[PDB]
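Given as structure tokens, the chain that follows is alone and in the form deposited in one PDB entry.
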């Protein structure tokens, strides 16, 4: 059995963003039965990787910085419009009268996961530049553990702003026209490498090299093209560890 970990509450069978076809592609290319190992938090997934309880993991960019150091081996990174990179976007309602990050001082703010770059760490990085923390900048903060729920909370006026994954913002806009319609990007982070796919430290070298070829050729296989449409990406390309140097810089400054 081939164990694939995701940090996501999205079902592989979801009508809208179901990634089941990604799992079918991995079955076809590895000739293994795939077992999905789904967890709410990034920390749970990194612990599974650290303990070799899984074979393959879709992890986040901050999680990767930590996971690389305990031997997680990089497979590939998604590419959208020729770009294997993304950024944090700070989102408000167009009708909020909140048109910049400075206008979110003393407002309610949503994070996703404490270990998310686009959902937490990027924004903590921006606030270092004005010598603040989220605790002394915003009126309140919250962890949604969901880029989609952070989006919905800004939409409903539950929070005044949120920081989310630019790729989720893009995909959300394709699936839910209201998002592009009612929400605005008021601030962005620096660019970093997109969220990578890794194997466990323990996975055999033979299996690792098989998976690497499967991901880097996904755009060449009909079931692979189906999988890429469910993930809203063009293809996978090789990981460049240097593309996460900014995340490493933020981490040191806390």
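Positions refer to the first chain, counted from 1.
Peer 1: Taking only the CA atoms, which stretch has the higher mean B-factor in the record, 234-242 or 12-20?
Peer 2: That would be 12-20.
Peer 1: Could you settle it for me: does 184-192 or 27-35 have the higher average Cα B factor in the PDB entry?
Peer 2: The deposited B-factors put 27-35 ahead on the C-alpha mean.
Peer 1: Say you rank 113, 160, 81, 156 by Cα B-factor from the PDB entry; which sits at the top?
Peer 2: 81 has the highest C-alpha B-factor of those listed.
Peer 1: Thinking about Cα B factors across the chain, which third does residue 173 belong to?
Peer 2: Highest third, going by the recorded CA B-factors of the chain.
Peer 1: Considering only modelled residues of the same chain, in which third does the CA B-factor of residue 127 rank: lowest, middle or highest?
Peer 2: Middle third of the chain for residue 127's C-alpha B-factor.
Peer 1: Please rank the C-alpha B-factors of the chain's modelled residues and tell me whether residue 64 sits in the lowest, middle or highest third.
Peer 2: Answer is lowest: the recorded C-alpha B-factor places it there.
Peer 1: Could you say whether, by C-alpha temperature factor, residue 77 belongs to the lowest, middle or highest third of its chain?
Peer 2: As the PDB entry reports it, the C-alpha B-factor of residue 77 lands in the lowest third of its chain.
Peer 1: Residue 167's Cα B-factor: lowest, middle or highest third of the chain?
Peer 2: Residue 167: CA B-factor falls in the middle third of its chain.
What follows is about the form deposited in another entry, which we do not show.
Peer 1: Closer or farther: how do the CA atoms of residue 119 and residue 15 lie in the other entry, compared with the form shown, if the change is at least 3 Å?
Peer 2: Residue 119 and residue 15 sit closer together in the other entry.
Peer 1: Taking the shown form as reference, are the C-alpha positions of residue 16 and residue 158 brought closer or pushed farther apart in the other entry, with a change of 3 Å or more?
Peer 2: Farther: residue 16 and residue 158 separate by 3 Å or more in the other entry.
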